């Protein structure tokens, strides 16, 4: 209230309002879901158009051959953070000849976001990210929030009405966790999960976006006629 | 007034209200503890299970600095990470120049001065964590707790977070009932108990326990996590004591 | 971090006053009285060593400071502000004069430099004005004896005699009565001690009074012999004993 | 006051939202994408009859295959166009090829949020970036000061835009000829413009794969305007 | 009144931030005291360890700045340690640059100049501490020099600092009225420490165990702090009197 | 952060004025009146000291009139300290021009650069303006004798006669009344003093409350001399015009 | 580059400058004007290191033109010569100095006198009745020491120049392809078209 | 360095510092420019609360940028010097690198760019100046007149006015200037320029300045007498 | 004095058919009169159907190839997975090499 002028100010209850308002832009963002078995990890994203003449804003960005994310909130902020991540995955390759651990990718995003929450003149990032990757210790899903908090999960969802998908996944846990060595089934469980968050609309061909990465599948994106398979 | 809107401003009573507000964010966090033992230290923390979807064992919060120092913190998690990253740079630098690994008291002041520096200007925000840390050096075992003001002291035992008072009470009993000393394996069990006991203040969600330790005899003076048989054994000891 | 205060903290109010210079002068008003009198063969500057506790050793606190061997300063206002100005004033006499011309600056020019430093604290980013007024007494070959007052604004004026601080209005009046252009140095010391007794409340002696002169050269204070054209400092701080000697014959 | 980089409680940047208001005050700009080309039209809006209207440059060449129309604080567009041209020419130098329209647009949109306490405020102008490339054909992009860009089959921006956009919603179909599109832009401009549309207070342009980006002379648009009235008179 | 938030003048020519920094000085509720012997300088400060969970050995407000200089701080510990580290650095650099041990009074001046800057420059706050520097200077003999957030400093015959500073001050003033001299006319530092503790007891009207106190002693060529056992020896010697 | 305490010295009012410039001018309006009068054969600078005390050392003093080079001088109205900063700048800038071109600096060029420096403080950097107005009196071989004024806005203008500081409204009407183009220096001297005599907020004009300077062709053929009057000389010129 | 001469007579300054531009064993051009007009009554010839010469000349020209516009007034030859000297005196202690020698011929309208300034790349200035840069001076200075008179007409100065060029064409090893002659007087700068 | 964003958006999408810079221009002395068939004339009001001026040495209101281009303005005078200097430097730099003097459009676009830059740079306020920029492109006889303003928007004008009471004189020029037939001669164009100023000024005494610019760097200042003739002749015709 | 270059020997060879191209190189790597390795390949698949070899000083050659591979990666990221044509690859490599004009990659490059 008097304490939301900038990120360098604590409230008397110990809250950071600019960070919380940054968190709020995620909530207004279109829904996206992440989930994973032991062999693959999938991102499903609902894309949002401006009107019937416009394209549907991309929500999924590839970071490396073995890693990528989905976004909810300020798109340019995700571009910045995805670009940083591309650089970090790249540095790991060129210098160490090593694929960047998804867990380290999490730590690096956390520390980048945090610095903007403690310094004057900056602003927190206004986007939440879901990072999937397949690394030396299997399939992974990460949830990034611009508070800096990064969390490893079996599944989740973020954006508007993400709670529907999140409870579905919370129910479906023991089933989808064991969809090993079957790409199409894990994707279906993902599409089903996102559907719990739809209202007055359902999934169309140029509305839906899926990405998958796993044991012998490079991170790749499916849009358009290539998603028709799943509606 | 308006003395509380800008960091590094003294109020008329002589206080920096922004630092005090940072403490509120600390008090809001999960409980974490440290117990000094005969030849070592033990760290433990409460990890709230927000959901079934959290992969168990896979959101680690205790952090190692160098090879001999353990750090755990309650409050804003990224702030704690920023502080440990700095601690790691400081330890690297000390090692680089002086060869020997950084003594724990020396390390404590490095965090102390850095945190304190964030109370000197209005262009930075104070740290939203209280940090319990320590380890084993050439002079024995040390446990420290450090607050947003940059204030720190050595401790026999220490706690912070929502369950700080429950844990403090429980720690005082140990200190009183073991004047001669507490062993590392003993301290690992007590730590587990005290976290389970301090979980009462936070009890909608059930939690995941996480312990670590450095002991001259039990870990060779290095920081190692407690898992497998030794963790479950300590979980069980705690399960027993709440019933 | 970093000084993000790159803007002026002293600015014009709608009436055209510069608030912080005005308030600095108010801080000087509160300060202990100090004065200077200019004789024909010397200058005297004086002030009260108002101690903080009797457990303090007031010799360790010098309110009258040597700037060059022929220039001394005294102040009224905030002591710590004065201390750093003396530090900066000493260094500037070297860096921007002695290291260039191989001789110490003439009084007016050193005064000019100090004023510059004080003006800048009135306009630069992120600083307040200095909370002092200085009286600078000095001698130089071509200008003879002189006495200047320097205010928080960075303004300076040459004076025959004046006073600043607490009881300045009274002291200035007492000096107008007594000052003439034929005063010998001893007469001015005598007048200085008289003018000062007005403003001191408690004890009045050689341990509560700080007083220096710009007078004759002191070869006994030079430190060495053998260069006859080097004759030593004209600045001399009168001893506790020396002051008491003059109070018996007050 | 309160910092330039501040979030509102709704989770939006004040300064970006306020620049969006400034853009609404701007003169109308319309773009339509066809399989035969992309048309760009603008309302010149001379603020007085004494001002020589062909000096109002609100449609602009970026490269031979990319054009741009603007609406809002048009002085803010100069450096965006300067960057766009440099990026396009630089790309051709580094890669001996034409820069993609999307890549060009992304490059301009990176400038957008580089403001704060870098420039002091967001741009107060939106851009319609139109062009052709081998991979994705004829394209139209709406580039905002938020750093967001959207692809559109057709789009209007500026003061007349909500009315114009609703009109474009009806009139656009995937088989529009270039000529049909030219007339549509003229039709919709005449609708939303305050003063009466003519060759002097509106301007047309297109970009075809064959001839690249061309601004139309006042003679050529005059004939299209004449042709538009005749097609409306006849039903 | 933003003139109350940063170090610019108020209309009555005052610096409220400096004044409020003096109030932080007593936040710890500790009193300190320093006196000079013939050969030595002794500084005693109360040691209050509230929490039982603390390691009492790590709780201190006395610092060894150089081999010869000791410093006791009255104020919050983060600012205290900030001042201690800086003073240690400044004393080391001085030795390196000028080839002799930095004197007590010069270090006092240097830290005072540093504090002065924070009262003039807006981006830096004052440190909420008072720094009492002690040594046996090689030119000046036993020395006490004290620094405050205003940037003021001066040498003392003896001094005290804290909430009940005035009681201790007048207690000492009355002794020097009576004794007629600048110092404690005593041979050994042990007996000067005994004096210091004794007059602290009278002025505060309280009794101390070995763990209620903290003692620093400066002799020629070393400043050192006493252990609890060394203090217990000293308390015992007073009790048998 | 620090934005809280920023006065924003370089912004516009809603009426399109510069607050800090306006208020600086208001500061200057209480300063001792300074007058410049230009004749066919020279220039007069006359200025009134802010109320002197009898104990002020009057001859070793300079508060109002300053020598920029051998051919150019200024009369100051405002903060002395501020004016000295600008004067040293102007003194250096004159020397740079001489070093570069081996010719004394044309009066306007020096004036323009000082005025440009002032202008900068009103447009960028977030600092307070210099609370100073100058009257420039000087000679060069292009325009001969010249008078200029500059003020905190960095605006400068040329004059036959002009005043700055206190009571300029009154002074300007008196000058406008009695000034004629074919005037000589000694007539100008007389006008300058008689104007101060009538506008002063003092009981009457005396030598000790004045500074005075002329720039004549008064030396040896086609070469120019600046005369900063000593106290005794002002005393005489006061008698020689019948004001005392 | 190579040959540049200047002669100051009663009412004008005459500058002669060789037309050849040689690189290696090829005369690339035989009609080069090694001169820039700085202001309407000031001309500068130049010779020295390839590239530097024109770069330096045009830089000075730009600065003097800027001054002319700013003050709406023409700098005296003396003032321009001092400006040019200072730039060279700067340059000689730069990372890469301008290796250019110049002659500045101007008519000072306040004095109604022609003036000739010889400045080398080090920034060495002298005002002279006649001057030359490079090897030329080794023949022309002594020739002019003999034939030159202070009160000569422009027409007499041109003949004195023909003598200088004749001698250089007789005794100089290189073919410098004649000179372009330019006169600077009270009416400004003009070029003699047949020499 | 001083960093503050002084030019920023307000909730209605206005940049108040730019708009307040325009208020400063409104307060400035009037300036008008009219282009004939074969010339461009710049006319400037000089406020008449100032006698004892020295006009020999006081800054003239029309400034030569190069020998073929001139710039006049309304607003803060000290601000205008900064723009004029930069434009002059750019003019010389353009000649140096392109080996051709600036076109009027180019020089205008540069000055406009400087002005725009000061509306979104930290630590600076916008220029409180609008300019009229006039002249003839090298080897071209077609006259050019452009206007710039604090925001940085610029455009071409058959005739235009800026500063105080510019609405009055714009009104006049709007009903008195035929696009189809511009002032066929210098004589004609100067006359229309003076008439428009006389709607607003006072007497055309020491109050009106006029500058004529013809092709090929032919730029001259008119002086009192010849202006007075125009004032005189305009009034005697007006008594109908 | 330290010499930052070496000569790792080998030789490479490229030929273009109507609908194919080949890039060959020997697998020997040497310094002076010694063999370092009998199998150290220096002809690489760089993606997008471009093959590349940078023969001469192997450290420089590996650095260049490494950088070009990276260039292809980013070209995909920045231009919507567009295929890098051989002509555009060639031009990109010119800028890679010429960027070190005053401290060159000592390699003969063929793609």
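By letter and in written order, the chains are A, B, C, D, E, F, G, H and I; residue numbering begins at 1 in each of them.
To be clear about the criterion, a residue touches a chain if its C-beta (ideal position, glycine included) is under 8 Å from a C-beta of that chain, and two chains touch if they have at least 3 such contacts.
Within the contact network of the assembly, the step distance from chain B to chain E comes to 1. Centroid distances from chain F, each centroid being the mean of CA atoms, peak for I. The chain with its C-alpha centre at the largest distance from the centre of chain B is G. With each centre defined as the average position of its C-alpha atoms, the distance from chain A to chain G rounds to 74 Å.
Chain C and chain H have CA centres that are 57 Å apart.
The distance from the centre of chain B to the centre of chain I, with each centre set as the mean of the Cα atoms, comes to 52 Å. Multi-chain contact residues, meaning those touching two or more other chains, do not occur anywhere in chain I. For chain D, the set of residues that touch two or more other chains comprises 3, 116-117. Counting partner chains per residue, chain F shows two or more touched chains at residues 1-6, 8, 125-127. Note for the complex: chain C touches chain H at residues 4, 6-7, 125.
Taken in their complex, chain A has these residues touching chain D: 4-6, 17-18, 21-28, 49-55, 57, 73-76, 79, 120-124, 126.
For chain A in complex with chain F, the residues that touch the partner chain are 6, 8, 120-121. Across the complex, chain I is touched by residues 62, 86, 90, 94 of chain A. Put simply, chain F touches chain B in their complex at residues 1-2, 4.
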